[PDB]
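Presented below, as structure tokens, is a lone chain in the form deposited in one PDB entry.
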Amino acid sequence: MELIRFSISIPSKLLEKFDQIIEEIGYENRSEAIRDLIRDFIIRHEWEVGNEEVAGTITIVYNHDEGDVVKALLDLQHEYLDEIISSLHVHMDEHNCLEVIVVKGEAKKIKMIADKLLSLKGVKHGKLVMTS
């Protein structure tokens, strides 16, 4: 409606990995993709602060052998019964596990639970995904 240009300083290695992925997706340029990022952020954020009701999936990959991650995960999960519905676990290989934990409840409490889990030791990856 009325465009304003500004500049940003970013480590070159990083900006290039971006350009590669973005180039792949079909984007015409950066401003375009960065705005998406920005636009999505704002939205994902108002929910996170929302403090309402969300249903979510916490996907995580972890080497069950590195530390007591397997221990911690359960203890942490059993600590939040009301918010944790059930959990799917797929043994990816001799050492690695993929586990998606379904959670329902107050976005605030859930976004803080997702954090606790993903903040764990053996946790390699992980991401929360919410719904209205």
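Only residues modelled in both forms are compared. We number the residues from 1 along the sequence you see. So that the term is clear: the rigid core is the largest set of C-alpha atoms that superpose within 1.5 Å between two forms.
FYI, the form deposited in another entry isn't displayed, but the following is about it.
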property: Core-aligned C-alpha movement of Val90 between this form and the one not shown reaching 2 Å; result: no
property: After fitting the core, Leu120 CA displacement of 2 Å or more between this form and the one not shown; result: no
property: Closer or farther in the other entry, the Cα atoms of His45 and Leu98, when the shift from this form is 3 Å or more; result: closer
property: Sense of the change in Cα distance from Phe18 to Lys124 in the other entry - at least 3 Å versus the shown form; result: farther
property: Superposed on the rigid core, segments between this form and the one not shown of at least 3 residues with Cα shifts of 2 Å or more; result: 2-47
